[PDB]
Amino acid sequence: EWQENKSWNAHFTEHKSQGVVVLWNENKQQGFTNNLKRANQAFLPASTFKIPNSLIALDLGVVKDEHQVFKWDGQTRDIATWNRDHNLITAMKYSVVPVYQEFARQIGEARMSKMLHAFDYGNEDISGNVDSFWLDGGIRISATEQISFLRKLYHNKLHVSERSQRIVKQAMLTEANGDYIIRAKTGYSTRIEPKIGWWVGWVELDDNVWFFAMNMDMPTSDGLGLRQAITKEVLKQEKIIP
């Protein structure tokens, strides 16, 4: 079942922001959020789509492994870290759109649509350019639907090989210390209004796993750090992380 804790709204209010945090206790099978309605509001996934995109590229052989090098195409872009060679891990880390656009073109429309239906991913609509629909096309996904998809990935229940899912979960590695491990992916949607930020993933503890999915209005790049900062303040408040 689900429980709405509006006290977390303060974490958005303090920054004059609007958004939702969704948490899911895997052991107890209970969900928590500050806004049950926005928790189910569907947005463009933006770079959070790099998770399913990575899975499909790996399972079809478009990407052979996490060490394969994808050469910079010599095009200087506004993102300095994009102007270099990448593998799957660094492509994810620096959210390298042009590398995943190449993935998508090699995957192709037919296979992409088939696999998103198999994943039960959002509205499963890839309308638009095969290499940009997750940024300005017709695909939409809610925070709760992100958690649903992530839970399948965590348990290796998605309809791709176990190997593909293990590799993507490696590439999702974001933070790890003696207290917790976070595997997650950021998102920044700017091509279609409303501009929003994403952070989706899970926090691994010794004896439990908390999946999370948050998004927040993002009129400017100045607030991108709040995607992680707000989420962690909620995690701290709920005694999930110190």
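For every residue, the number given is its place in the sequence shown, counted from 1.
Colleague: With reference to the PDB entry, specify whether the mean Cα temperature factor is higher for 68 to 76 or for 93 to 101.
Modeller: Mean C-alpha B-factor is greater for 68 to 76.
Colleague: Decide which of the stretches 213 to 221 and 47 to 55 has the higher mean C-alpha B-factor, going by the entry.
Modeller: Higher mean C-alpha B-factor in the PDB entry: 213 to 221.
Colleague: Choose from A176, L205, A184, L36 the residue with the greatest Cα B-factor as stated in the PDB record.
Modeller: In the PDB entry, the greatest C-alpha B-factor among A176, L205, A184, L36 is found at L36.
Colleague: Which one of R163, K169, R84, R140 shows the top CA temperature factor in the record?
Modeller: Answer, based on the entry's C-alpha B-factors: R84.
Colleague: Looking at the temperature factor on the CA atom of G61, which third of the chain's modelled residues does it land in?
Modeller: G61: CA B-factor falls in the highest third of its chain.
Colleague: Could you look up the Cα B-factor of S132 in the entry and say which third of the chain it sits in: lowest, middle or highest?
Modeller: Middle third - that is where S132 ends up once the chain's C-alpha B-factors are sorted.
Colleague: Compared with the other modelled residues in the chain, in which third is the CA B-factor of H155?
Modeller: Answer is lowest: the recorded C-alpha B-factor places it there.
Colleague: What third of the chain, by the recorded C-alpha B-factor, contains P194?
Modeller: As the PDB entry reports it, the C-alpha B-factor of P194 lands in the highest third of its chain.
Colleague: Can you tell me which third, lowest, middle or highest, the CA B-factor of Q106 falls into for its chain?
Modeller: It belongs to the highest third of the chain when residues are ordered by C-alpha B-factor.
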